[PDB]
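Protein chains in written order, with full-length UniProt numbering: chain A, 2 to 134, 144 to 270; chain B, 15 to 49; chain C, 148 to 196; chain D, 13 to 58; chain E, 1 to 115; chain F, 355 to 405; chain G, 588 to 874, 886 to 1077; chain H, 491 to 539; chain I, 1 to 67; chain J, 456 to 859.
All C-beta atoms, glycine included, are put in the ideal place defined by N, C-alpha and C.
Report on one structure; see the data block that follows.
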Amino acid sequence: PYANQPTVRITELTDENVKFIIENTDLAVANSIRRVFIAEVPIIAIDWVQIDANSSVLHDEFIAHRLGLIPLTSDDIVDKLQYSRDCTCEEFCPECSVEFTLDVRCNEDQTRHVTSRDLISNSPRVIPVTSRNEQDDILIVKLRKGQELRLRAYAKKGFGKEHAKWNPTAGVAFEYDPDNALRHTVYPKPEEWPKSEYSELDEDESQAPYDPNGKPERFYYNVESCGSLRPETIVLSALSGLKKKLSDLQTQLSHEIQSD
Amino acid sequence: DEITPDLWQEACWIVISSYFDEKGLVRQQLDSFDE
Amino acid sequence: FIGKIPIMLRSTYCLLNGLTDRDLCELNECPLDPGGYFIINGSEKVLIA
Amino acid sequence: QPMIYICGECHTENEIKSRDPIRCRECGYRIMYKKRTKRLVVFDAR
Amino acid sequence: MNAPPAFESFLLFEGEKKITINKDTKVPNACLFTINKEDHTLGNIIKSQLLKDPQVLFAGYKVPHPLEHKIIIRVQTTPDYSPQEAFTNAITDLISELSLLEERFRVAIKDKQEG
Amino acid sequence: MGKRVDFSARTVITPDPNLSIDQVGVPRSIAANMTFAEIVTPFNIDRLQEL
Amino acid sequence: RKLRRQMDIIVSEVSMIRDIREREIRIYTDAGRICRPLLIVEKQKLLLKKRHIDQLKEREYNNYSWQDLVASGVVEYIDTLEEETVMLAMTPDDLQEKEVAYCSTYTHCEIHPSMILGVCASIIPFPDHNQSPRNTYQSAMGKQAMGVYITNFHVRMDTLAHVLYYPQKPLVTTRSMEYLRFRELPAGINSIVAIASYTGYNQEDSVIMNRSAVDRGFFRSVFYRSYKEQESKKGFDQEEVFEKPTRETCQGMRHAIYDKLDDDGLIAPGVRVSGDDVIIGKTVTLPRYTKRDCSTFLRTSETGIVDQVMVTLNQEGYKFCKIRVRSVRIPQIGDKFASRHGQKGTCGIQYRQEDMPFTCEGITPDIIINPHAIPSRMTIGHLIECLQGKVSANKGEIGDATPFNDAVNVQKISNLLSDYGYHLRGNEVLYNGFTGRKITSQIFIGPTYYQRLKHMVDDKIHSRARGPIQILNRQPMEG
Amino acid sequence: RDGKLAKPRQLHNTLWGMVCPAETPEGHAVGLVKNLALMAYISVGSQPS
Amino acid sequence: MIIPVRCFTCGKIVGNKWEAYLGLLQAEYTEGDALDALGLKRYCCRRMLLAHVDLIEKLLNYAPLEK
Amino acid sequence: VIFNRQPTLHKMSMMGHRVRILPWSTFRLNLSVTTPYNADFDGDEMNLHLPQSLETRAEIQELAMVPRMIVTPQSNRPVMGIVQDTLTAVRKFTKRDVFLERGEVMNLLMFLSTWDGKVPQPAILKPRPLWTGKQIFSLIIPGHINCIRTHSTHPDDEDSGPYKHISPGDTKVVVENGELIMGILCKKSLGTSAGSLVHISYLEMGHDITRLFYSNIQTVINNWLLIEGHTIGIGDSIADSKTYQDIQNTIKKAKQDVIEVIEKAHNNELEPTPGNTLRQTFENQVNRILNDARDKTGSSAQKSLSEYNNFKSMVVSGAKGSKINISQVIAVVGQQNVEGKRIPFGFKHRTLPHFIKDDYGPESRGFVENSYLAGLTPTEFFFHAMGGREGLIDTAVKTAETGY
RNA sequence: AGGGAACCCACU
Ligand SMILES: [Mg+2]
Ligand SMILES: [Zn+2]
Ligand SMILES: [Zn+2]
Ligand SMILES: [Zn+2]
């Protein structure tokens, strides 16, 4: 009548991905965690752009959209920041935002590439991921001589459920029952399906025998980061955030039950 | 001398490419107006 | 003088005839534009065969 | 009051007065473009 | 022109209640829990946890319409038990499992990083 | 025999498996631009006053 | 024929027909005869030899051109009447000797049979695998697809213009697309498409779109509209002047604000505008006194930002302005999309990334189309395009979907796809996004070139409740 | 386009290589508006002298 | 017109890859090898690079309005 | 409101609906009402009229609401049935070997608006509790209606042998006392034909109960389809090598038979049938040979299909496609015709300049011996284009004749 | 306070 007791193993941990296995949990929990990785892990991204000058060949909304998509290091600041909608400030304050400025003019005869390196932050710890000290800088726009781009932007906290620019992942691999022992899929011709990298079948065996008493256990994840957070921090933030959602629901339900 | 099949495909598209390098696609309009 | 004849673009008697892509771009014309049409009161007209 | 226009050919800013015909004071070109507004332009980056 | 704002899917509107409880009158010991501004994430985990409870006779959830942000959870229990109790205990169990999982992930990360 | 009429609307149709067969989903801007004249009675005066 | 092939007295354009059964020879030098070039066959051999191909390969340097082929009497122009007398080989394989020769008296050979297609039908991949009405439908829809219509669009003030943010060239192309400049000015995006039933919102030709992809610029476009106006001094009594009208002097002023106008009576680039907003202030002197407002207003129900404002004189020397207003269009429910195989649909719903079905890798479909389109449409070209596109993205090359190519068949493509670790028929195991459970059936998924058509719901939606009426009959206005 | 004889709207055999067999409007003009095949050319005429 | 910042399908950053990819091609890499070298494994990201058309250079061929 | 799609051909082209307000900019329609309107979602637009008085509102409510329009007096049968995903999925759902676990059942019951809240006893209690698709669907059926139908794949001799009442293939549909006792549902049972389940529901219960029946079938089955899935791919268009060799042999024999007929006619050994000139007799024999070849190859292709084949799934459910479509995708495309005849000699005694004069063989006159999967040769491509043009023209002219 | 005709393209 009670809670699962999941265990975890990390099989790979780099700067850009974390690969791990959760055992002794239910499929619904595993999938909910996956969903939270994508859509409910908060991140900092540009969401307010004032354009003072733009002589480039790209119109203002084009530039603003591209700026919105630039990933910014969020690793420790994002937990401190408040949601702009919740802040008592009137416009934007250091408690709910990070200011950026960009001011580039092409005065030479070679094309000027405006990259994320030209985005100057007010916070040393919230900067474009490609500016962190190989990977080039993210191109924003290209300028020829006499063209100019001058703007001011604010980055705020959000999550992928609102807009994909706040999605911290670059692909969440997820998989269970690599050998199709539960028959959750049915192959018309099993032998022509390639083995999963987590398969433990011999080369002559196409799928495991059917298991009438089996349940999905042992979920395999490979969470790739877009750079805004470290992959393990994505996972931990997801676990904490889902727990917070459940706690808030519990508080509201307690009020509702007591009110009757 | 003779173009062989394995060469034929490349050869035919080289001929067609040269045609379009010479004529373009609105040659009939321009030629008629020039006349 | 007996009148004016609208000129088909990129034909032999158009100002763009023979220009290089760089010359076309200096005139704010697209090099890929095929021509073969007229400009009558600013409007691009094509004759249908 | 100024009403600055940009010449389409020589890219020269030059004053124009309503009821004044359109003509670049430098090169005599007859096509001019208005300059970008000074009003606040703000976009969500979405 | 008719696009809803993106925040509409997770921000409660003024006066809107997070969760409402009604009795299901067709059968005894059954309740419908309406939750606003939640989707399959919470609905699915809560339903699966409820199905783990041996005193729960029925548990299910649905999103009535994908363009709206409401989930309905229906719970029926045995007469010696209450759907409110089952719902509360399911949330407590889920929180416990998540806390354990977070601790163990922290430990595993530390092991991997050390060596 | 035919005429143009007031109180009409037109837009693209898209499927909805979550509507009853006797329902039709209508965008808000259409709903906000079209009106039904409701007669005020003591039954409905409060609702219509708020409207 | 010898003279024409030498280009001595008879120009290439001339047609010479001998009707043997009759005893007539007909020679035509008229204008207006449609003709096409064909390779000349003598005995049973092409006159085109390896040396001609060698000389053409270096046409950049040596300047050997198509005209030299025609001059050397290796290619000929044949009009329809002369074609009546030609014995035509489809490919040089028809000249190869055979156990029972069919003809053995060929006079000409096709250069390539795909040249029977026009410009629009030449972008269809594998058109020889589709039912023909479907090729006809794509031939129209391709003219409705958004791309970058011309490279100098910034300097053009067209009445209407659509521009796609991020056009791609197709992963699967035909060889004739090189000459249509489709590479340079493409009109679509390679999309990860799944052919699946998923929640019901792509039934009856509708499609399901990935909202997270749309958030990232997938099929985002920009719509431009140009407004023009001129001030006429036609008569000494009445004259029109660009100006910012005031309610003390001018009379017919709508309730729209005129403060968006500059002192010259014109709006400035960068100003946000909405329907029934003035963009050109213009007054005409009467024969609230002495001036009648005749300003230009933005079209009703439209919105945007002023892109640029051009001022000139027209032919008769009157001041003349054109204003381009830009409007960004994010794909939404009701917008229309089409593959290159006559498979068109409107977007029925959009799901975020986490709600979409997913492969064991992180890959979700950009678009989900419904399997009930295929069986009766028989657009097998679309399926083969998806298979080859998956191969081409994995291998890092552009697939060749030129129609009548014997070197390509479905089994070969399948074998290649198996080499990259996918099921050879293009199917994958997908997981339901809502629950994480596997889907029992495996799903056909891969990259397919999709087009965004100009038909957008926000340009069609309309309602009325007692508006303006016609003068003669008092019935509601049209349109 | 008001005429209702199918015969002139049909795809005649002699269109091969001259006129695209696929591209044609699907409305009232089906079969009456045509498009040139890729390598088709139209003669401009010359003196028979 | 310009390389998208993210892969439409998965959100991986590709906007910092176009110049590198052009460099690798001129160094005689095949497209498949170059995409492997840049770390583009999923075929969605590979589509992003393989199918891009850099129209912004053509646009940069025109003189700007303001000097 | 009154909803309408042009052209307005019959009563059911204008029906009353209740308004529901939704976010985006389109009119949203339930899938089953597409049939009366002849609507689909490829750019169609429909009109809305808002009655302006209580009297016109009452008129629409009492005379023209969608549920009252379920049966048409044109042909005394329903105008609306179950279509597309729901139809293909319900065919799969009601197969004999569909088993559902406790959780899946509870979810589906979540989508059943008329459910009385009692979980039925599972059909299998041990070793594990499992419900069948038929039990859930029985929960969907209203009242206690009684109906007998046959599935589309029902063998013709089954009803006269043993097993008449215990179908080996589960191809006899029996609804008794509102319960689906046996049989696979398809278009014959849930479509618009007279005597279908939806027809009997309308006749036995009112329009209101039947409205709920339509909606519940859709919601429950679509949600099950989320587990089952449904696709179509390249793999459904392929056949085994034995099938391909059989098809090629059939085509080769048919070609040799046509050659023999031609050689007979060329030696004046062919005698006309009564009421036919000699050329009509030759064309009759040639067309007979080629039609027989097309039928035989189509049958071979249809026999090759497995029970997992998705083309077959959509054909057997009756949701989309026909056996001819399968034959043309897998086996040959077949004869191309203009004005009811083989491709005419548009050149002088030739269909194209690639043939010799007076060639009456299959290839020359427009027999497409390839499948859509194999791809058409250039001449086949052109002849197929001629054939398709014919249909486009028919549409574009018949419209005005019929309108008048 | 507000027009109209004609023609062309296109959508279901
Ligand atoms: Mg339609
Ligand atoms: Zn603040
Ligand atoms: Zn100047
Ligand atoms: Zn990707």
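Where does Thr898 of chain G land, buried or exposed, given buried means 16+ other C-beta within 10 angstroms?
-> Locating residue 898 of chain G in the seventh sequence gives position 300, where the first residue counts as 1. It counts as exposed.
Under 9 Å between beta-carbons, which chain J residues line up against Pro226 of chain A? List them in chain order, please.
-> Within the first sequence, numbered from 1, the residue matching residue 226 of chain A stands at position 216. Neighbours of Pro226 of chain A on chain J: none; closest Cβ ~12 Å, over 9 Å.
Segment contact, 8 Å Cβ cut-off, at least three pairs: the segment 82-93 of chain E with the segment 257-265 of chain A | Because the criterion of three Cβ pairs below 8 Å is met, the segment 82-93 of chain E and the segment 257-265 of chain A touch.
Enumerate in chain order the residues of its own chain whose CB-to-CB distance from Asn55 of chain A is below 6 Å, with the five nearest sequence positions on each side excluded.
-> For this step, residue 55 of chain A is matched to residue 54 along the first sequence. Closer than 6 Å at Cβ, skipping near neighbours: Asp61, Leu159.
Say yes only if the C-beta of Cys892 of chain G is nearer than 6 Å to one or more non-hydrogen atoms of ligand 4, and no if none qualify.
-> What you label residue 892 of chain G is simply residue 294 of the seventh sequence in a count that begins at 1. Annotation for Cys892 of chain G indicates a beta carbon at 6 Å or more from all heavy atoms of ligand 4.
Members of the segment 23-40 of chain D near chain I, C-beta cut-off 7 Å = Within the segment 23-40 of chain D, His23 place their CB atoms closer than 7 Å to a CB of chain I, listed in sequence order.
Buried versus exposed call for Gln157 of chain A [16 or more other C-beta atoms within 10 Å across all chains shown] | For this step, residue 157 of chain A is matched to residue 147 along the first sequence. The residue is buried, with at least 16 neighbouring Cβ atoms inside 10 Å.
Name the DSSP beta bridge partners of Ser190 of chain C, please?
-> As a working mapping, residue 190 of chain C is identified with position 43 in the third sequence. Per DSSP, C:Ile187.
Using a Cβ-Cβ cut-off of 7 Å, state whether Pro874 of chain G counts as contacting chain J.
-> Mapped onto the seventh sequence, residue 874 of chain G falls at position 287. At a cut-off of 7 Å, the C-beta of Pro874 of chain G has no neighbouring C-beta in chain J.
Could you spell out where the beta strand (DSSP E) holding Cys622 of chain G opens and where it closes?
-> Locating residue 622 of chain G in the seventh sequence gives position 35, counting from the first residue. For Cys622 of chain G, the uninterrupted beta strand (DSSP E) run begins and ends at 618-629, by DSSP.
Where the beta strand (DSSP E) containing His465 of chain J begins and where it ends = Taking the tenth sequence and counting its residues from 1, one reaches residue 465 of chain J at position 10. Here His465 of chain J belongs to no beta strand (DSSP E), and DSSP marks it neither H nor E.
State buried or exposed for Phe823 of chain G, treating a residue as buried only when at least 16 other CB atoms are found within 10 Å of its CB.
-> Counting from one through the seventh sequence, the residue named residue 823 of chain G turns up at place 236. Exposed is the call here.
Does DSSP put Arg382 of chain F in a helix, a strand or coil?
-> Numbered from 1 along the sixth sequence, position 28 holds the residue referred to as residue 382 of chain F. It is helical.
Check whether the Cβ of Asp499 of chain J sits closer than 6 Å to any heavy atom of ligand 1, and report yes or no.
-> Here residue 499 of chain J refers to the residue found at position 44 when the tenth sequence is read from its first residue. The answer is yes for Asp499 of chain J.
Just the C-alpha distance for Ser530 of chain J and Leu594 of chain J, rounded to the nearest angstrom, thanks.
-> For this step, residue 530 of chain J is matched to residue 75 along the tenth sequence. For this step, residue 594 of chain J is matched to residue 139 along the tenth sequence. Each residue's Cα considered, the two are about 30 Å apart.
Is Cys88 of chain A near ligand 2, judged by its Cβ being under 6 Å from some heavy atom?
-> Mapped onto the first sequence, residue 88 of chain A falls at position 87. Yes.
Scan the segment 1016-1035 of chain G for residues whose Cβ lies nearer than 7 Å to a Cβ of chain E and list them as they occur along the chain.
-> Listed in sequence order: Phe1032, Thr1033.
Express the C-alpha separation of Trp479 of chain J and residue 1105 of chain G in angstroms, rounding to a whole number.
-> No information on residue 1105 of chain G is available, as it lies outside the stretch 588 to 1077 that chain G covers here.
From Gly624 of chain J to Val553 of chain J, what distance separates their C-alpha atoms?
-> Here residue 624 of chain J corresponds to residue number 169 of the tenth sequence, with the count starting at 1. Here residue 553 of chain J corresponds to residue number 98 of the tenth sequence, with the count starting at 1. Rounded to the nearest angstrom, the gap between the Cα atoms of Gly624 of chain J and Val553 of chain J is 14 Å.
Name the two residues that bound the continuous alpha helix (DSSP H) containing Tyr492 of chain J.
-> Here the question's residue 492 of chain J lines up with position 37 in the tenth sequence. Per DSSP, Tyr492 of chain J belongs to the alpha helix (DSSP H) from 489-492.
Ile714 of chain J versus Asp168 of chain C: straight-line alpha-carbon distance, rounded | Within the tenth sequence, residue 714 of chain J is the residue found at index 259, counting from 1. Within the third sequence, residue 168 of chain C is the residue found at index 21, counting from 1. When the Cα atoms are used, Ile714 of chain J and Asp168 of chain C turn out to be separated by approximately 60 Å.
Span of the alpha helix (DSSP H) around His970 of chain G | The count along the seventh sequence starts at 1 and reaches residue 970 of chain G at position 372. Counting along the chain, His970 of chain G falls outside any alpha helix (DSSP H), and DSSP gives it neither H nor E.
Proximity test, Cβ basis, 7 Å: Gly960 of chain G and chain A | Along the seventh sequence, one-based indexing puts residue 960 of chain G at 362. For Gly960 of chain G, the answer is yes, since a Cβ of chain A falls inside 7 Å of its Cβ.
So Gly994 of chain G and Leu38 of chain I are in contact, right, with Cβ under 8 Å, and what is the actual spacing, rounded?
-> For this step, residue 994 of chain G is matched to residue 396 along the seventh sequence. For this step, residue 38 of chain I is matched to residue 38 along the ninth sequence. Contact between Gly994 of chain G and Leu38 of chain I is ruled out by a C-beta separation of about 11 Å, above the 8 Å threshold.
Less than 6 Å between the CB of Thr9 of chain I and some heavy atom of ligand 4, yes or no?
-> The residue you call residue 9 of chain I lines up with position 9 of the ninth sequence. Checking every heavy atom of ligand 4 against the Cβ of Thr9 of chain I, one is found closer than 6 Å.
Roughly how many angstroms separate the alpha carbons of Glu85 of chain E and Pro969 of chain G, rounded to a whole number?
-> To locate residue 85 of chain E, count along the fifth sequence from 1; it is residue 85. To locate residue 969 of chain G, count along the seventh sequence from 1; it is residue 371. Cα-Cα distance, rounded: 45 Å.
Look up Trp27 of chain B in the DSSP assignment and say whether it is helix, strand or coil.
-> Taking the second sequence and counting its residues from 1, the one referred to as residue 27 of chain B is at position 13. Helix.
CB contact check: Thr131 of chain A to chain I, cutoff 7 Å | Position 130 of the first sequence holds residue 131 of chain A. Chain I contact via Cβ: present.
If you run the structure through DSSP and keep just helix, strand and coil, what is residue 547 of chain H?
-> Here chain H comprises residues numbered 491 to 539, so residue 547 of chain H is not present and cannot be evaluated.
From what residue to what residue does the alpha helix (DSSP H) around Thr243 of chain A run?
-> In the first sequence, the residue the question calls residue 243 of chain A occupies position 233. Element bounds for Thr243 of chain A: 241-268.
Of all the options G:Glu952, G:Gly804, G:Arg743, which has the alpha carbon lying nearest to the alpha carbon of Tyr752 of chain G?
-> Translated into positions along the seventh sequence, residue 752 of chain G becomes position 165. Closest option to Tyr752 of chain G, judged by alpha-carbon separation, among G:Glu952, G:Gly804, G:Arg743: G:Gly804.
Checking contacts by CB at 7 Å: is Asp571 of chain J closer than that to chain E?
-> The residue labelled residue 571 of chain J in the question sits at position 116 within the tenth sequence. Yes, because at least one Cβ of chain E sits closer than 7 Å to the Cβ of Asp571 of chain J.
Report yes if the C-beta of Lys12 of chain I is less than 6 Å from at least one heavy atom of ligand 4; otherwise report no.
-> For this step, residue 12 of chain I is matched to residue 12 along the ninth sequence. Indeed, a heavy atom of ligand 4 lies less than 6 Å from the Cβ.
Taking only beta carbons into account, state which residues of the segment 694-713 of chain G come closer than 8 Å to chain B, listed in chain order.
-> Those residues of the segment 694-713 of chain G that come within reach of chain B (Cβ to Cβ, closer than 8 Å) are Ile698, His699, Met702, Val706.
Near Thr746 of chain G, what residues of its chain come up, given a Cβ to Cβ distance below 6 Å and the 5 sequence neighbours on each side ignored?
-> Counting from 1 along the seventh sequence, the entry for residue 746 of chain G is found at position 159. Excluding residues within five positions, the ones whose Cβ falls inside 6 Å are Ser813.
DSSP state of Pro371 of chain F mapped onto helix, strand, coil | As a working mapping, residue 371 of chain F is identified with position 17 in the sixth sequence. Correct three-state label for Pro371 of chain F: coil.
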